[PDB]
Participant: 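For reference, the structure I am asking about is given below.
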Amino acid sequence: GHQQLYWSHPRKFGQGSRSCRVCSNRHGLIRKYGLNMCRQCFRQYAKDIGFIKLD
Amino acid sequence: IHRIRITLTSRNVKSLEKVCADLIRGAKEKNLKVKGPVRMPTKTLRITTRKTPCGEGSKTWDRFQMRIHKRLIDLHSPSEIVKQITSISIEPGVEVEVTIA
Amino acid sequence: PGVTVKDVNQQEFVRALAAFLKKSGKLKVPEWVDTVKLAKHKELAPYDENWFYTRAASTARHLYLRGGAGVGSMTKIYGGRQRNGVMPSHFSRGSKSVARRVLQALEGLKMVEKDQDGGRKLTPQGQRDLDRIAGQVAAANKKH
Amino acid sequence: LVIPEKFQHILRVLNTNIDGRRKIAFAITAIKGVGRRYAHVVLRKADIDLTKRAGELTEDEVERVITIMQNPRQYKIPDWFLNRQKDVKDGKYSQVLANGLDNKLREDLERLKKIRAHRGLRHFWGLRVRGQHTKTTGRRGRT
Amino acid sequence: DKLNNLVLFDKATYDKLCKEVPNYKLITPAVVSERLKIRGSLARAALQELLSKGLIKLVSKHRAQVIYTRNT
Amino acid sequence: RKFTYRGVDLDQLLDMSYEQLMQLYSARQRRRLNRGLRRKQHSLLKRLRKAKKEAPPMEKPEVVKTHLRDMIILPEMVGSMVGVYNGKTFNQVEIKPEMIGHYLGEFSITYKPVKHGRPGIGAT
RNA sequence: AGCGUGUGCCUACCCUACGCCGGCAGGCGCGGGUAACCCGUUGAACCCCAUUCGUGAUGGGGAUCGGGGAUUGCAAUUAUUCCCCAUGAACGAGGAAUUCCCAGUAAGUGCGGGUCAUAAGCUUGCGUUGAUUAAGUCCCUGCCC
RNA sequence: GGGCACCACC
Ligand SMILES: [Mg+2]
Ligand SMILES: [Mg+2]
Ligand SMILES: [Mg+2]
Ligand SMILES: [Mg+2]
Ligand SMILES: [Mg+2]
Ligand SMILES: [Mg+2]
Ligand SMILES: [Mg+2]
Ligand SMILES: [Mg+2]
Ligand SMILES: [Mg+2]
Ligand SMILES: [Mg+2]
Ligand SMILES: [Mg+2]
Ligand SMILES: [Mg+2]
Ligand SMILES: [Mg+2]
Ligand SMILES: [Mg+2]
Ligand SMILES: [Mg+2]
Ligand SMILES: [Mg+2]
Ligand SMILES: [Zn+2]
């Protein structure tokens with residue numbers, strides 16, 4: 001039936017199993033330290049998170 | 001009488017050292033035995049990213065950095081006096097953990 | 001005036017200890033020593049057919065200097081650079097089945113024993129043998 | 001260090017010419033299907049000194065080397081050393097040599113071509129076979 | 001042109017090595033190889049044999065370079 | 001002249017179980033069989049067997065179509081007509097005994113071989 | 001040696017010591033670490049000391065192919081990656097033209113992070129060895145007064 | 001007509 005086929009493809013690994021936690025975009029993702037943000041969102045929220053530019 | 005370890009973690013050094021000094025002074029005013037504060041190596045988290053939201057222009061990079069500082073204090077004392085001195089210690093930005101080894 | 005291992009040259013010490021192990025004749029040698037190369041980054045088999053004795057001597061000397069090493073530590077000790085065609089070179093480790101058999105053969109001679117923490121170390125008999133070999137090396141170096 | 005009275009400058013082994021001035025370990029690598037590892041293990045199995053030239057060997061040593069090279073499995077040479085393990089047609093482990101290797105490769109290509117597998121078609125057309133990009137490299141040999 | 005060096009000594013070349021090499025005032029496997037039309041390995045073996053016999057002094061030994069000289 | 005797969009003829013291959021055939025196959029096929037076949041491969045096998053049973057004694061079986069390009073050719077498939085999807089069309093392939101151990105997708109090409117034309121203005 | 005990472009809300013996927021099996025890729029057990037605590041005294045590579053080779057497209061170089069084995073995955077064919085035998089191409093220092101660089105620098109040599117179920121010929125950092133030349137000019141290029 | 005720059009030269 002449809003219930004079995006719909007969303008049946010496994011998504012336990014790969015680019016399709018991960019997305020940004022702010023905009024749900026799967027490209028340019030930052031996983032270090034469990035940030036789970038794309039690079040643009042991280043650059044937008046870095047000061048709020050606590051990353052400072054010293055060099 | 002317990003061997004009690006206080007671990008202080010912070011992002012800025014001024015507040016961390018102020019809290020450590022307050023704890024040391026408070027403990028020593030009760031005629032207690034204090035060891036430390038012993039300073040652990042500073043941790044430096046780094047994230048290097050591209051500035052441009054697209055792939056156009058000169059390849060320029062932002063280097064964001066976060067620093068974490070850690071202190072240890074040892075006390076030979078009963079639990080009640082430690083909580084007495086700790087209650088004042090609450091400071092914005094400093095994480096204080098008290099353990100009995 | 002007692003000679004220890006650290007006093008003498010290490011390469012001559014390894015040569016003399018390998019000769020002593022070969023002359024003793026009680027070391028156990030695997031059957032496949034003549035058909036294997038010592039690591040995956042090597043291109044050929046060792047030039048010296050009596051390479052097992054040399055490797056055993058080197059392992060004993062290393063356990064003398066730094067005790068408690070396991071099979072992985074010996075594998076890292078004898079690892080080297082690997083060149084792979086048109087790609088950049090990288091570090092590569094040695095073969096585990098050679099290090100393990102060398103350690104087992106040295107334990108068969110009552111020169112190496114299991115360590116309490118883990119790994120293997122030297123017995124007092126092995127240390128005595130190594131110090132005697134070092135004394136012989138020093139005497140040979142001085143007399144000539 | 002003087003040259004022996006009976007010295008073979010050129011040897012004829014397996015329809016191949018062997019240079020008697022090269023060392024025996026690398027002299028026999030002129031045979032197609034024999035490499036440095038296989039030559040060294042064969043010579044180590046024949047108890048032949050590796051410090052002598054190919055022309056210094058006697059006929060007994062040469063025939064012993066040839067016999068050991070033809071039939072490795074008799075002389076404790078492991079299966080993983082062989083270059084024709086587990087044949088498709090007959091399932092026998094062996095080491096294939098100069099002409100046998102040339103016709104064995106031909107039969108391996110013919111099998112793929114007749115069955116019309118993709119690899120056989122790529123071999124027939126003359127293109128790359130192991131999934132390499134062909135857009136920018138491999139131009140040499142093409143018009 | 002091609003360089004065809006002997007790999008095993010002949011009578012004439014062995015006589016040359018035994019007679020003229022121990023007077024060269026600078027003996028080196030490359031020098032002996034270039035003068036006697038000999039390969040490097042045979043030159044090294046011959047020089048080691050001459051050193052064993054005591055007909056030639058050794059100055060310095062290295063994996064890259066070995067240096068020999070005539071007797072005083 | 002008679003077909004043999006690693007010294008084994010077709011009849012013995014048909015008699016063998018999967019465990020025996022694992023040792024005849026190569027590393028990839030052996031690992032695939034060790035990990036097991038799923039429901040879709042079994043359904044394809046069942047359909048092929050059903051189609052082959054109904055063939056007339058002197059005629060070929062009806063063609064069975066499939067999308068399974070990663071299916072391993074077993075000795076029980078020899079003599080069946082399989083249409084394999086290449087993304088656009090089902091190409092008809094008759095399983096020969098020399099196809100044992102290959103995939104189905106190796107026999108239905110997924111692209112048109114290149115015949116080159118005159119280079120355009122944008123080439124220098 | 002040095003900079004660093006390590007068991008994750010969804011979220012499945014961590015770093016690994018030691019013992020045994022295998023020749024190797026690997027497989028089994030059994031422990032530590034949420035970390036100046038365990039991997040780890042991070043036994044790195046170049047470098048150093050000996051051995052073999054000997055100007056031969058050669059034991060330089062390792063492309064292209066054949067046959068086997070193992071790991072990640074739901075799935076490896078149009079070869080994911082890795083290992084073993086075998087095969088052994090051009091290449092003998094590169095025309096016109098053109099790039100970067102002034103001291104622990106250029107270059108050589110490895111090691112971390114990102115990507116990452118599988119994973120570096122890229123990038124971003126880190127050490128190790130370590131120079132020739134110059135302390136000038138507006139000739140070329142370009143920008144300003 | 002001057003000044004500067006190993007993304008210029010020497
Ligand atoms: Mg090493
Ligand atoms: Mg290389
Ligand atoms: Mg050959
Ligand atoms: Mg490809
Ligand atoms: Mg091409
Ligand atoms: Mg060559
Ligand atoms: Mg070569
Ligand atoms: Mg294959
Ligand atoms: Mg394609
Ligand atoms: Mg090879
Ligand atoms: Mg320019
Ligand atoms: Mg790098
Ligand atoms: Mg990586
Ligand atoms: Mg990239
Ligand atoms: Mg100007
Ligand atoms: Mg210039
Ligand atoms: Zn985002």
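Because only heavy atoms are used, hydrogens play no part in the values below, and waters and symmetry mates are left out as well, while side chains stay in. By convention in this document, chain letters (A, B, ...) are assigned in the order of the sequence lines, proteins followed by strands, and residues within each chain are numbered from 1.
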Participant: Please work out which residues in residues 24-33 of chain A have a non-hydrogen atom less than 4.0 Å from an atom of RNA chain G and list them by number.
Facilitator: A:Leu29, A:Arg31, A:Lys32, A:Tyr33
Participant: Does the side chain of C:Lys40 come under 3.5 Å of the side chain of C:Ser92 through a donor N or O and an acceptor N or O?
Facilitator: yes
Participant: What parts of residues 57-70 of chain B reach RNA chain G, counting only heavy atoms under 4.0 Å away?
Facilitator: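 Heavy-atom contacts with RNA chain G come from B:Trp61, B:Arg63, B:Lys70.
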Participant: Measure from the side-chain heavy atoms of F:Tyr103 and tell me the nearest of G:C116, G:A76, G:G43.
Facilitator: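 Selected nucleotide: G:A76.
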Participant: Dot-bracket for RNA chain G, 5' to 3', counting Watson-Crick or G-U wobble pairs under 3.5 Å, with [ ] for crossing pairs and | for inter-strand pairs?
Facilitator: .....(.......(((.((((....)))).)))....).....................(.....(((((..........))))).....)...............((((((((.......))))))))......||...||||.
Participant: Only pairs under 3.5 Å count here: list side-chain donor-acceptor contacts from residues 34-47 of chain E, not counting sequence neighbours, and write none if there are none.
Facilitator:
residue	atom	partner	partner atom	Å
E:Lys37	NZ	E:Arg35	O	3.3
E:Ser41	OG	D:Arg53	NH2	3.3

Participant: Please determine if D:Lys92 and D:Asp87 form a salt bridge, counting it only when a charged side-chain N lies under 4.0 Å from a carboxylate O.
Facilitator: no
Participant: Any idea which of G:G43, G:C84, G:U87 is nearest the D:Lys32 side chain?
Facilitator: G:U87
Participant: For RNA chain G, which residues of residues 93-104 of chain D approach it to below 4.0 angstrom with any heavy atom?
Facilitator: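 Residues of residues 93-104 of chain D under 4.0 Å from RNA chain G: D:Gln95, D:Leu101.
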Participant: With the cut-offs of 5.5 Å between six-membered ring centres and 30° between planes, do G:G66 and G:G67 count as stacked?
Facilitator: yes
Participant: State whether a side-chain donor-acceptor pair under 3.5 Å links C:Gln10 with C:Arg61.
Facilitator: yes
Participant: Does G:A70 have OP1 or OP2 sitting under 4.0 Å from an N or O in the side chain of F:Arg30?
Facilitator: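 True: F:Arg30 side-chain N/O within range (under 4.0 Å) of G:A70 OP1/OP2.
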Participant: If stacking means ring centres below 5.5 Å and interplanar angle below 30 degrees, are the neighbouring bases G:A45 and G:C46 stacked?
Facilitator: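 G:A45/G:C46: stacking flag true.
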Participant: What nucleotide, of G:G22, G:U52, G:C65, holds the atom closest to the side chain of C:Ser97?
Facilitator: G:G22
Participant: Between G:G23, G:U42, G:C53, which nucleotide has the shortest distance from any of its atoms to the side chain of C:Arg101?
Facilitator: G:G23
Participant: Is the base of G:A70 stacked on the base of G:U71, in that the six-ring centres lie under 5.5 Å apart and the planes are under 30° off?
Facilitator: yes
Participant: Between neighbours G:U41 and G:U42, do the six-membered base rings sit under 5.5 Å apart with planes under 30 degrees?
Facilitator: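 No, the criteria are not both met.
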Participant: So is the aromatic ring of D:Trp80 stacked onto the base of G:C84, judging by whether the centres are under 5.5 Å apart and the planes are under 30° apart?
Facilitator: no
Participant: Could you tell me which residues satisfy side-chain contact (heavy atoms from CB on, under 4.5 Å) with B:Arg46, sequence neighbours excluded, listed by chain and number?
Facilitator: A:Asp55, B:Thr44, B:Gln65
Participant: Could you work out the separation of G:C85 and G:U80 based on their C1' atoms and round it to a whole Å?
Facilitator: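 One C1' to the other, the span is 23 Å.
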Participant: Under the rule for side-chain contact (heavy atoms from CB on, under 4.5 Å), what residues qualify as partners of D:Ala98, not counting sequence neighbours?
Facilitator: D:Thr16, D:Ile31, D:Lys32
Participant: Could you pull out the protein-nucleic contacts involving nucleotides 126-131 of chain G (nitrogen or oxygen on both sides, under 3.5 Å)?
Facilitator:
none

Participant: Below 3.5 Å is the cut-off: list the nitrogen or oxygen pairs between protein and nucleotides 89-91 of chain G, distance only.
Facilitator:
residue	atom	partner	partner atom	Å
G:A89	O2'	D:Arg140	NH1	3.1

Participant: Sign of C1'-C2'-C3'-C4' at G:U77: does that make it north or south?
Facilitator: south
Participant: Check whether any side-chain N or O of E:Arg44 sits under 4.0 Å from OP1 or OP2 of G:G54, and answer yes or no.
Facilitator: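 No, because none of the side-chain N or O atoms of E:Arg44 sits under 4.0 Å from OP1 or OP2 of G:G54.
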Participant: Give me the distance, rounded to whole Å, that separates G:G23 from G:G4 when you measure between the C1' atoms they each carry.
Facilitator: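 That atom pair is separated by 36 Å.
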Participant: May I ask you to list the residues of residues 79-88 of chain C, by number, that have any heavy atom positioned under 4.0 Å from an atom of RNA chain G?
Facilitator: C:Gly79, C:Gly80, C:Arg81, C:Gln82, C:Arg83, C:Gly85, C:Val86, C:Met87, C:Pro88
Participant: Hey, what do you get for CG (F:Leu24) to CE (F:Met22), rounding to the nearest 0.5 Å?
Facilitator: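 Nearest 0.5 Å value for the CG-CE distance: 11.5 Å.
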Participant: Report yes if the ring of D:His118 lies under 5.5 Å from the six-membered base ring of G:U78 with planes under 30°, and no otherwise.
Facilitator: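 The base of G:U78 is stacked with D:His118 (centres under 5.5 Å, planes under 30°).
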Participant: Below the 4.0 Å mark, does G:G56 have OP1 or OP2 next to a side-chain nitrogen or oxygen of E:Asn4?
Facilitator: no
Participant: Taking distance alone, no hydrogens or angles, what donor-acceptor pairs closer than 3.5 Å link side-chain atoms of residues 97-107 of chain C to residues at least two apart or in another chain?
Facilitator:
residue	atom	partner	partner atom	Å
C:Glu107	OE2	C:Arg120	NE	2.7

Participant: Using OP1 and OP2 only, check whether a side-chain N or O of F:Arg32 sits under 4.0 Å from G:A75.
Facilitator: no
Participant: Does G:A75 have OP1 or OP2 under 4.0 Å away from a side-chain N or O of F:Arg35?
Facilitator: yes
Participant: So is D:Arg128 actually on top of D:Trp125's ring, under 6.0 Å and inside 45° of the axis?
Facilitator: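 Relative to the ring axis of D:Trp125, which defines the angle, D:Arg128 lies outside at least one limit.
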Participant: Pick the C1' atom in G:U71 and in G:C84, then give their distance to the nearest Å.
Facilitator: 15 Å
Participant: Without hydrogens or angle criteria, can the side chains of C:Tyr78 and C:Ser58 be said to hold a donor-acceptor pair below 3.5 Å?
Facilitator: yes
Participant: Can a side-chain donor-acceptor contact be found between A:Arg43 and B:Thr49 if the only test is distance below 3.5 angstrom?
Facilitator: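 On atom types as modelled, these side chains do not qualify, holding no pair under 3.5 Å.
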Participant: With sequence neighbours left out, what residues match D:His118 under ring-ring contact (aromatic ring centres under 6.0 Å, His included)?
Facilitator: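 Residues passing ring-ring contact (aromatic ring centres under 6.0 Å, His included) with D:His118: F:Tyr111.
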Participant: Less than 4.0 Å between a side-chain N and a carboxylate O, is that true for D:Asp108 and D:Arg111?
Facilitator: yes
Participant: For atom P, what is the distance between G:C14 and G:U41, given to the nearest Å?
Facilitator: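 Each nucleotide's P atom is 25 Å from the other's.
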Participant: Tell me if G:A120 and its neighbour G:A119 stack, counting it only when ring centres are under 5.5 Å and the plane angle is under 30°.
Facilitator: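 No, the six-membered rings of G:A119 and G:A120 do not stack, since they fail the test of centres under 5.5 Å and planes under 30°.
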Participant: Expressed as a whole number of Å, how far does the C1' atom of G:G31 sit from that of G:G8?
Facilitator: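 23 Å, rounded to whole Å.
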Participant: What's the closest nucleotide to the side chain of A:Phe13 if the choices are G:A36, G:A44, G:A117?
Facilitator: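 Between G:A36, G:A44, G:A117, the one nearest the side chain of A:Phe13 would be G:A117.
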Participant: Compare the ring of D:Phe26 with the six-membered ring in the base of G:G59 and state whether they stack (centres under 5.5 Å, planes under 30°).
Facilitator: yes
Participant: Map E:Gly40 and D:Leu82 onto RNA chain G by nearest heavy atom, then report which one ends up closer to the 5' terminus.
Facilitator: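 Upstream on the strand: E:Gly40.
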Participant: Check whether any side-chain heavy atom of D:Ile10 lies under 4.5 Å from a side-chain heavy atom of D:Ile18, and answer yes or no.
Facilitator: no
Participant: Give a yes/no answer on whether the side chain of C:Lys37 brings an N or O atom under 4.0 Å of OP1 or OP2 in G:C83.
Facilitator: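 C:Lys37 to G:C83 OP1/OP2: no side-chain N or O under 4.0 Å.
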